[PDB]
Amino acid sequence: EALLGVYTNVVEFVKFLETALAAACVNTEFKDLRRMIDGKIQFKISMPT
Amino acid sequence: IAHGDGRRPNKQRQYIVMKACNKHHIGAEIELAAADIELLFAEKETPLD
C-alpha cells in the first residue's frame, strides 16, 4: 500500500505597517510602554474671529 | 595564689563548657518595577536617552 503525498499549509500574514490601514494612523513604536501610566497631553486651541 | 605559709588554696580548677549558637531569622522584601530592569538591560546594547 502506497503513500502518495504529504502536504501542509504555511501561514503568511501581511503585518500592520504593510496594510493600507496605516494610512489612517500614525505609528510611533516606543521601547517600553509600561513605563508611563497615563498620557494627559493638554492643548491650547485658539479660534479666529 | 602561690603556696606556702598558712595559705592553702582550692588548687587550679578547669571547666570545659560547650555553649550553643542561637539562630536568628531576618526577612526583607524588595519590589522592583519590571520596566526599569528591562530597559537597563537590552540585547541591543546601544546607549540610552
# chains A, B, ... in the order shown; residues from 1 in each chain; ligands from 1
$ closest_atom_pairs --of "chain B" --to "chain A" --cutoff "9 Å" --atoms "only C-alpha atoms" --output "tab-separated table"
residue	atom	partner	partner_atom	distance
B:33	CA	A:35	CA	8.8
B:34	CA	A:34	CA	8.2
B:35	CA	A:35	CA	5.7
B:36	CA	A:35	CA	7.9
B:38	CA	A:32	CA	8.3
B:39	CA	A:32	CA	7.3
$ atom_distance --atom1 "CA of residue 38 in chain A" --atom2 "CA of residue 20 in chain A"
28.7 Å
$ atom_distance --atom1 "CA of residue 26 in chain A" --atom2 "CA of residue 43 in chain A"
18.5 Å
$ select_by_dssp --residues "chain A" --states "helix (DSSP H, G or I)" --output "list in words"
residues 16, 17, 18, 20, 21, 22, 23 and 24 of chain A
$ atom_distance --atom1 "CA of residue 4 in chain B" --atom2 "CA of residue 16 in chain B"
28.7 Å
$ residues_around --residues "residue 16 in chain A" --least-positions-apart "6" --cutoff "12 Å" --atoms "only C-alpha atoms" --output "ChimeraX atom specification"
/A:22-27
$ decode --residues "chain A" --atoms "C-alpha atoms" --output "PDB file, in the first residue's frame"
ATOM      1  CA  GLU A   1       0.000   0.000   0.000  1.00  0.00           C
ATOM      2  CA  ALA A   2       1.312   3.396  -1.005  1.00  0.00           C
ATOM      3  CA  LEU A   3       1.806   6.846   0.491  1.00  0.00           C
ATOM      4  CA  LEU A   4       1.214   9.136  -2.449  1.00  0.00           C
ATOM      5  CA  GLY A   5       1.687  12.600  -0.974  1.00  0.00           C
ATOM      6  CA  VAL A   6       2.189  14.575   2.215  1.00  0.00           C
ATOM      7  CA  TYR A   7       1.211  18.264   2.344  1.00  0.00           C
ATOM      8  CA  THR A   8       0.760  21.219   4.746  1.00  0.00           C
ATOM      9  CA  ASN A   9      -0.331  24.865   4.812  1.00  0.00           C
ATOM     10  CA  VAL A  10       2.243  27.582   5.502  1.00  0.00           C
ATOM     11  CA  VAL A  11       0.606  30.646   7.042  1.00  0.00           C
ATOM     12  CA  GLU A  12       1.918  34.024   5.904  1.00  0.00           C
ATOM     13  CA  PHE A  13       0.445  37.251   7.259  1.00  0.00           C
ATOM     14  CA  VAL A  14       0.762  40.816   5.983  1.00  0.00           C
ATOM     15  CA  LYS A  15       1.779  42.713   9.132  1.00  0.00           C
ATOM     16  CA  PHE A  16       0.354  46.019  10.318  1.00  0.00           C
ATOM     17  CA  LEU A  17       2.753  48.538   8.751  1.00  0.00           C
ATOM     18  CA  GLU A  18       2.268  46.960   5.300  1.00  0.00           C
ATOM     19  CA  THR A  19      -1.532  47.155   5.206  1.00  0.00           C
ATOM     20  CA  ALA A  20      -3.350  50.217   3.910  1.00  0.00           C
ATOM     21  CA  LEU A  21      -4.864  50.757   7.364  1.00  0.00           C
ATOM     22  CA  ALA A  22      -1.715  52.641   8.436  1.00  0.00           C
ATOM     23  CA  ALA A  23      -2.762  55.436   6.070  1.00  0.00           C
ATOM     24  CA  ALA A  24      -5.309  56.358   8.776  1.00  0.00           C
ATOM     25  CA  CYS A  25      -2.992  56.251  11.805  1.00  0.00           C
ATOM     26  CA  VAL A  26       0.462  57.432  12.869  1.00  0.00           C
ATOM     27  CA  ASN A  27       2.755  54.742  14.288  1.00  0.00           C
ATOM     28  CA  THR A  28       5.454  55.682  16.827  1.00  0.00           C
ATOM     29  CA  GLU A  29       6.677  52.457  18.422  1.00  0.00           C
ATOM     30  CA  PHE A  30       8.024  53.002  21.942  1.00  0.00           C
ATOM     31  CA  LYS A  31      10.631  50.993  23.839  1.00  0.00           C
ATOM     32  CA  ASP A  32       8.584  50.021  26.918  1.00  0.00           C
ATOM     33  CA  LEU A  33       5.038  51.366  27.196  1.00  0.00           C
ATOM     34  CA  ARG A  34       4.795  50.004  30.768  1.00  0.00           C
ATOM     35  CA  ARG A  35       6.874  52.993  31.952  1.00  0.00           C
ATOM     36  CA  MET A  36       4.174  55.672  31.635  1.00  0.00           C
ATOM     37  CA  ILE A  37       0.737  55.049  33.129  1.00  0.00           C
ATOM     38  CA  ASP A  38      -1.492  57.715  31.586  1.00  0.00           C
ATOM     39  CA  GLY A  39      -0.895  60.230  28.831  1.00  0.00           C
ATOM     40  CA  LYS A  40      -2.535  63.555  29.628  1.00  0.00           C
ATOM     41  CA  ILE A  41      -1.422  65.839  26.797  1.00  0.00           C
ATOM     42  CA  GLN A  42      -3.149  69.239  27.046  1.00  0.00           C
ATOM     43  CA  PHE A  43      -3.774  71.512  24.050  1.00  0.00           C
ATOM     44  CA  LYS A  44      -4.461  75.259  23.963  1.00  0.00           C
ATOM     45  CA  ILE A  45      -6.596  75.775  20.847  1.00  0.00           C
ATOM     46  CA  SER A  46      -7.373  79.334  19.742  1.00  0.00           C
ATOM     47  CA  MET A  47     -10.088  80.230  17.180  1.00  0.00           C
ATOM     48  CA  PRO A  48     -10.063  83.304  14.918  1.00  0.00           C
ATOM     49  CA  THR A  49     -12.801  85.929  14.847  1.00  0.00           C
TER      50      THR A  49
END
